[PDB]
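# when you get a sec, could you give me coordinates for this:
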Amino acid sequence: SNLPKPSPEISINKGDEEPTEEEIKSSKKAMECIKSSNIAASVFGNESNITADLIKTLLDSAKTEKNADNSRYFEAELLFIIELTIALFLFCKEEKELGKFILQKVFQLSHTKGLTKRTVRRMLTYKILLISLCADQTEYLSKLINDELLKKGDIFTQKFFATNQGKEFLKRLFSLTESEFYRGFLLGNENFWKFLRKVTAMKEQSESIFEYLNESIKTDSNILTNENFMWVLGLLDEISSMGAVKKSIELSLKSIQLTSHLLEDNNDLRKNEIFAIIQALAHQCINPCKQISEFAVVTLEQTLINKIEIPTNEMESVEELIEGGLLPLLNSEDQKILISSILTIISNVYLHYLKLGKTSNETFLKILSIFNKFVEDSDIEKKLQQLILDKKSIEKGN
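Residues are numbered from 1 along each chain as shown. Now the structure:
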């Protein structure tokens, strides 16, 4: 939007002693004659006057100390210098020397005392623009993301990110990941994903958040990395965590599908990390709404049938795969009724690998124990025996 105009110390619409006799006439003459000067196109119009000396003199001359007289128009002045210098730095591309100086000076300007919320909000987008333009200046990005963005909470709230101002943040900083010289540090950083999961809880920004992730994972697997992985999974879990009212039901299904799809890629499992996504998908079955839980069990059935291979460097067999993650769901009024949900998936999924028949002779009989015989319940006593009665029929399969 337009900048904050520097207001005067008094305003009169149309006793107070305003200028009367010859002063309005003088101001009219000054306005009429200075408008014809073409001050806008005087120095900044053509491209021949744009040089680093002008930018240095613009920035060094900016007032950075408060007094009684100059507090009338401090903020409009500072935003005026930054608004100019961002434009004339866009005009002249030189990353070796000039970018360091302009970025250092504006960062020194930002930390000055006694700035309101609006001026800081307007100031920050210019920092984003400079980091987009600059290269090999990761330290100032670290200072911005660690101290100014994360810790500062009162200034940056839900309502600020809700506006069209916030969308500029959510587009520019996210497209910063596509830059070919800041990518590695950006994935390597811890605080970035902390800030991402903090802002992900906002109701409005969730859809756009997914519009990044579904793009970034689909075009290439560049975002994925072993040190990067865990937080990203947690972020997707938060996308699954929403939904009680109706658009979240329309939204999080795509996140569920993305989590299911993320398994089948190049084999990037470190030692035991696939169990994280299996645990996540199992946790989806705890959600209260009918549709999300039904789709969770359905996609669980659809991915474990097809989207993992048994023999490789890491997975010795299927027993560890079904023993690792799912029972942590049952490890912990809610607990008694919660356990009666997902017991069918083991009996359904074992059949196809039994047709493959990779398991040993006691492996079935101890997988039966791992499938559990807790009894002492009206539901479970009828459920378990009738469910495991299917094992006798499949003997003719092999």
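# how close does residue 129 sit to residue 123?
11 Å (Cβ to Cβ, to the nearest Å). From N, CA and C alone the C-beta is placed, and that goes for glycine too.
# residue 40 too?
Residue 40 is 23 Å from residue 123, by Cβ to Cβ.
# the more surrounded of those two?
residue 123 (18 against 9; other Cβ atoms under 10 Å).
# three-state assignment of the more buried one?
What DSSP: H, G, I helix; E, B strand; the rest coil gives for residue 123 is helix.
# wait, it sits on residue 82?
Yes - counting by Cβ atoms under 8 Å, residue 82 is a contact partner of residue 123 at 6.4 Å.
# so what sits against both of the two?
Counting by Cβ atoms under 8 Å, 6 or more residues apart in numbering, the common neighbours of residue 123 and residue 82 are 106, 109.
# and residue 155, how far from residue 326?
Applying Cβ to Cβ, the value for residue 155 to residue 326 is 44 Å.
# so those two - more neighbours on which side?
Between residue 155 and residue 326, counted using other Cβ under 10 Å, the more crowded position is residue 326 (22 against 15).
# for the nearest residue to that one once chain neighbours are set aside, what are its contacts?
Spatial nearest neighbour of residue 326, excluding adjacent residues (Cβ to Cβ, 6 or more residues apart in numbering): residue 282 at 5.3 Å. Contacts for residue 282 (Cβ under 8 Å, 6+ apart) come out as 300, 325, 326, 328, 329, 342.
# element containing residue 2?
Residue 2 belongs to no helix or strand when assigned by DSSP states H and E.
# what about residue 360, how many neighbours?
Residue 360, neighbours per other Cβ under 10 Å, totals 10.
# what are the boundaries of the helices in the stretch 201-350 of the chain?
When assigned using DSSP state H, counting those that start in this stretch, the helices of the stretch 201-350 of the chain occupy the ranges 206-219, 229-241, 248-261, 274-284, 290-306, 318-324, 326-329, 334-338, 344-356.
# pick the most deeply packed of these.
Of all the helices of the stretch 201-350 of the chain, helix 274-284 carries the top mean neighbour count, a mean of 19, counting by mean count of other Cβ atoms under 10 Å.
# what angle do it and helix 248-261 make?
150 degrees (axes from the mean of the first three to the mean of the last three Cα atoms, to 10 degrees).
# how near is residue 130 to residue 102?
7 Å.
# common neighbours of those two, please.
residue 89.
# what about the nearest residue to residue 217 once chain neighbours are set aside, how many residues nearby?
Excluding the flanking residues, the one nearest residue 217 by Cβ to Cβ, 6+ apart is residue 223, at 6.1 Å. Residue neighbour count, defined by other Cβ under 10 Å, stands at 18 for residue 223.
# which residues touch residue 223?
Shown in contact with residue 223 (Cβ under 8 Å, 6+ apart): 177, 187, 216, 217, 232.
# mind putting the residues you listed in a markdown table, distance to residue 257 included?
Converted to a markdown table, those look like this (distance: Cβ to Cβ, whole Å):
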| residue | distance to residue 257 |
| --- | --- |
| 177 | 22 |
| 187 | 24 |
| 216 | 16 |
| 217 | 12 |
| 232 | 16 |
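# what sits closest to residue 387 if chain neighbours are left out?
Nearest one to residue 387, counting by Cβ to Cβ, 6+ apart, is residue 347 at 5.5 Å.
# likewise for residue 107?
Nearest non-adjacent residue to residue 107 (Cβ to Cβ, 6+ apart): residue 140, at 6.0 Å.
# what's the first helix or strand after the helix or strand where the one you found lies?
Assigned by DSSP H and E, residue 140 falls within helix 138-143. Under the assignment DSSP H and E, the closest C-terminal helix or strand after helix 138-143 is helix 158-162.
# any idea how far residue 204 is from residue 94?
Counting by Cβ to Cβ - residue 94 and residue 204 are separated by 38 Å.
# those two - which one has more neighbours?
Ranked by neighbour count (other Cβ under 10 Å), residue 94 and residue 204 place residue 204 first, with 14 against 9.
# the more buried one contacts residue 159, correct?
No - if you go by Cβ under 8 Å, residue 204 and residue 159 don't touch, sitting 10.0 Å apart.
# and the nearest residue to residue 131 once chain neighbours are set aside, how many neighbours?
Spatial nearest neighbour of residue 131, chain neighbours left out: residue 141 (5.3 Å); criterion: Cβ to Cβ, 6+ apart. A count of neighbours around residue 141, defined by other Cβ under 10 Å, yields 22.
# if I pick residue 141, what's in contact with it?
Contacts of residue 141 by Cβ under 8 Å, 6+ apart are 131, 182, 185.
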